[PDB]
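**Q** After the structure tokens below, expect a handful of questions from me.
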Amino acid sequence: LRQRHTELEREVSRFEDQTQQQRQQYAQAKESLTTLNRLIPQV
Amino acid sequence: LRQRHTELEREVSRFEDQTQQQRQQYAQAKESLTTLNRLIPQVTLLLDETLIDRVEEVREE
Amino acid sequence: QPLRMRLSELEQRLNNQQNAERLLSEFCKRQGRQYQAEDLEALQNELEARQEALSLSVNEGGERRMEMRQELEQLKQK
Amino acid sequence: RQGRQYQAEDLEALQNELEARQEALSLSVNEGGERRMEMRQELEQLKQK
Numbered sequence: 841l842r843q844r845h846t847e848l849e850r851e852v853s854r855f856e857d858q859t860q861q862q863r864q865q866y867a868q869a870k871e872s873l874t875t876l877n878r879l880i881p882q883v
Numbered sequence: 841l842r843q844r845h846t847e848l849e850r851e852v853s854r855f856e857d858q859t860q861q862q863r864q865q866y867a868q869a870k871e872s873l874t875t876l877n878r879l880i881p882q883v884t885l886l887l888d889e890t891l892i893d894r895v896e897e898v899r900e901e
Numbered sequence: 516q517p518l519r520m521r522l523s524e525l526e527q528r529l530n531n532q533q534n535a536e537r538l539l540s541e542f543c544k545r546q547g548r549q550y551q552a553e554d555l556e557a558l559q560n561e562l563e564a565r566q567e568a569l570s571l572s573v574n575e576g577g578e579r580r581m582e583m584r585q586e587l588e589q590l591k592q593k
Numbered sequence: 545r546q547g548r549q550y551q552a553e554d555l556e557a558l559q560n561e562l563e564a565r566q567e568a569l570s571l572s573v574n575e576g577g578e579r580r581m582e583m584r585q586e587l588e589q590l591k592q593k
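Residue numbers (the deposited numbering), protein chains in the order written: chain A, 841 to 883; chain B, 841 to 901; chain C, 516 to 593; chain D, 545 to 593.
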């Protein structure tokens with residue numbers, strides 16, 4: 841079960857890393873969309 | 841333990857119903873929010889309910 | 516001649532005003548029937564708050580339901 | 545800020561792309577969080593075992 845802990849902690853790390861990078865890039869894109877439709881919505 | 845299984849099944853049903861309903865409701869709310877911040881994100885302030893009605897005067901001039 | 520340019524610019528302004536009015540009416544009919552078109556920013560803020568509520572509710576429901584399912588697994592082994 | 549000129553003259557099309565990205569944002573983060581949470585509970589089960 842300690843070996844299972846080790847592999848599980850690796851997998852948890854992978855998902856946390858993947859979500860962090862994904863949300864950072866996607867959030868930057870979302871913020872760009874908000875700036876577009878707030879500053880220049882066909883203005 | 842079979843009593844526990846029965847009550848736990850009821851609670852599982854409640855969780856599933858609640859999660860489904862909330863996700864649908866907030867998803868429709870998200871769609872409405874995106875339509876607002878797409879079509880009229882402060883464009884109403886550009887409109888400002890002015891009702892200029894001055895093209896006729898400019899045509900007379 | 517100045518009035519000619521004024522006329523063209525003002526005609527485009529009327530065009531935009533009708534665009535805004537039409538879009539306002541169609542949304543206010545799609546959600547609501549007449550929904551504070553005069554100042555609707557507050558509703559955008561509340562709907563963003565409700566999206567935060569979405570995240571909270573979905574995460575809480577998922578983790579709790581699956582944790583009690585694991586309790587069910589313990590009961591099953593028992 | 546994003547791109548360098550990237551067709552700013554009429555940039556409506558880009559917003560749709562960003563909308564696809566925005567939806568995928570919710571999907572990706574929800575699924576990833578749920579997975580890590582599942583293994584957090586499985587880790588608790590292993591700890592208790």
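By construction, the Cβ of each residue, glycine as well, lies at the ideal position given by its N, Cα and C atoms.
Where does residue 545/D sit, in a helix, a strand or coil, going by DSSP?
**A** If DSSP states are grouped into helix, strand and coil, residue 545/D belongs with coil.
**Q** Just tell me which of 873/A, 852/A and 880/A has its CA closest to the CA of residue 559/D.
**A** The option with the nearest alpha carbon to residue 559/D is 873/A.
**Q** What's the gap between the Cα of residue 525/C and the Cα of residue 895/B?
**A** Roughly 7 Å between the two C-alpha positions.
**Q** Given this structure, state the Cα-to-Cα distance separating residue 880/A from residue 856/A, to the nearest angstrom.
**A** The straight-line gap from Cα to Cα measures roughly 35 Å.
**Q** Could you tell me the alpha carbon to alpha carbon distance between residue 589/D and residue 853/A, rounded to whole angstroms?
**A** Straight-line Cα distance between these residues: approximately 18 Å.
**Q** How many angstroms separate the CA atom of residue 842/A from the CA atom of residue 585/D?
**A** C-alpha separation (whole angstroms): 15 Å.
**Q** Would a check of beta-carbon distances place residue 863/A closer than 8 Å to chain B?
**A** Judged by the 8 Å Cβ criterion, residue 863/A is not in contact with chain B.
**Q** Taking C-alpha atoms, which residue in 575/C, 591/C and 529/C lies nearest to residue 860/B?
**A** Among 575/C, 591/C and 529/C, the Cα nearest to that of residue 860/B belongs to 575/C.
**Q** Quick one: which chain C residues come within Cβ less than 8 Å of residue 794/B?
**A** Because chain B spans 841 through 901 in this model, residue 794/B falls outside it and cannot be assessed.
**Q** Does residue 559/D come within less than 8 Å of chain A when only Cβ atoms are used?
**A** Answer yes: the Cβ-Cβ gap between residue 559/D and chain A drops below 8 Å somewhere.
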